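The structure under discussion appears below in the form of structure tokens.
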Amino acid sequence: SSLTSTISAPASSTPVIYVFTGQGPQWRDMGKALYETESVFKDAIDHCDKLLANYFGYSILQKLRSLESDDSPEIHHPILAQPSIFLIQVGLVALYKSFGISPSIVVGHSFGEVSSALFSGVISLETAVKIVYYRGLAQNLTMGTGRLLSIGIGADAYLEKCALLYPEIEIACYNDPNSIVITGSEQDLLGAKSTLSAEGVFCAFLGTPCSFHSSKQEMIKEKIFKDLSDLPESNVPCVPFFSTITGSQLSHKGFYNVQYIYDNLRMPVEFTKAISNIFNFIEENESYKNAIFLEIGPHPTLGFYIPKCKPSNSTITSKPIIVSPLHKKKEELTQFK
């Protein structure tokens, strides 16, 4: 039941918060119906596609089309995975803008953070295009260098018992203290997951051959520091921006620099702290009493986290509504409607 509202009290234009997915799940046939039917979607898609092809040397859209299989692991390879997800993000948000919707608070996962800083009115479009180009090139040098695993337990148990068995694995993303993403050698992943299955708890593998926010991310630190040392100072966000680097809001002139980018690349993402502080900020105002989180992402994976992060002292009894427009196996058009 979603055609009819369930509200019973008057209001005016409850604001939304743009939840941006990470560089995780994806597939070959993104946005085909939206591209072939929605006009503004196609226009923004082609604009950003030409912008990125200026540096990649080829059109990213039909490049994603060129895959002969819906699931080839090279789709998870960052030199292809960053631009496709960025394209989908910009297309979806432009379509939302043409519908009259605007973000009020912006937050982004491991990859979507750059698009968050973009759509917060902080960085320019060309700056974002160059950033994603060079970051795709940088993450191209972490291909095959260790893999990731999404876990089915909390961080507390893992640090209490499982941390000292393999002191070579980092935790790249702290979604919530019931399921997080780890990063390191695949043998440590296999041993830890086999022990967890012996303990009876489920876990899910990941097809990415990368290691995000690990030791290897520092080998190209000099190259990234030279590539991105040309950015005009990042603007103060007229639309409040939440940083998932430390999981707290940061907003002043020049807080989003190459140092910030490297911290993104290396320091793991404290997503739980970010979302909890979003909820505290919501309760700390009155015009922000409701905010349907809008998960701009081709696969619903961050609504998996947000409701579980609602603070312990939450007098707001209403469940944070999560709306994912795109899920891979469904009809994109009707899901968007």
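Ordered as shown in the structure tokens, chains take letters A, B, and onward, while each chain numbers its residues from 1 and ligands are numbered from 1 in the order shown.
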
Please report, as a Markdown table, each residue of region 235-324 of chain A lying at most 6 Å from region 168-179 of chain A, together with the nearest pair of atoms and the separation in Å rounded to one decimal; use only C-alpha atoms, and order rows by chain and ascending residue number.
```
| residue | atom | partner | partner_atom | distance |
| --- | --- | --- | --- | --- |
| A:268 | CA | A:172 | CA | 4.5 |
| A:269 | CA | A:173 | CA | 4.8 |
| A:270 | CA | A:174 | CA | 5.1 |
| A:271 | CA | A:175 | CA | 5.1 |
| A:272 | CA | A:176 | CA | 5.2 |
| A:305 | CA | A:175 | CA | 5.9 |
```

Return as JSON, numbers by chain the full set of residues in region 189-227 of chain A whose backbone-based DSSP assignment is alpha helix (DSSP H). {"A": [189, 190, 191, 192, 193, 194, 195, 196, 197, 198, 199, 221, 222, 223, 224, 225, 226, 227]}

Convert the current residue selection to file output with C-alpha atoms, as a compact mmCIF listing (two decimals), in the first residue's frame.
```
# COMPACT_ATOMS: atom_id res chain seq x y z
CA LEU A 189 38.40 -13.82 4.91
CA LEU A 190 37.92 -17.54 4.29
CA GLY A 191 39.19 -18.54 7.73
CA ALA A 192 37.10 -15.95 9.56
CA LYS A 193 33.94 -16.78 7.61
CA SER A 194 34.42 -20.53 8.08
CA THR A 195 34.81 -20.01 11.82
CA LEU A 196 31.72 -17.77 11.83
CA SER A 197 29.72 -20.42 9.96
CA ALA A 198 30.92 -22.94 12.54
CA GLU A 199 29.49 -20.48 15.08
CA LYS A 221 49.62 8.33 -2.04
CA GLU A 222 52.23 10.46 -3.81
CA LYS A 223 50.57 9.96 -7.20
CA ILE A 224 47.12 10.96 -5.91
CA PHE A 225 48.60 13.90 -3.99
CA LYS A 226 50.15 15.13 -7.26
CA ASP A 227 47.10 14.42 -9.45
```

Fewer than 2 positions away in the same chain doesn't count, so skip those; otherwise give me all residues within 10 Å of residue 314 (chain A), counting only C-alpha atoms, as a ChimeraX atom specification. /A:279-280,283,310-312,316-318

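Across the structure, CA of residue 129 (chain A) and CA of residue 46 (chain A) are spaced 13.1 Å apart.
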
Given the choices A:146, A:247, A:73, A:10, which gets closest to residue 210 (chain A) if the distance is worked out from only C-alpha atoms? A:146

Would you write out, as CSV, a table of all residues in region 15-51 of chain A that have an atom no more than 8 Å from an atom of region 62-72 of chain A, listing for each the closest atom pair and the distance in Å to one decimal, considering only C-alpha atoms and ordering rows by chain and rising residue number?
```
residue,atom,partner,partner_atom,distance
A:27,CA,A:70,CA,5.9
A:28,CA,A:70,CA,5.0
A:29,CA,A:65,CA,7.0
```

Might you pull out every residue within 8 Å of residue 88 (chain A), with only C-alpha atoms counted and same-chain residues fewer than 3 positions away left off, and present them as a count of residues only? 9
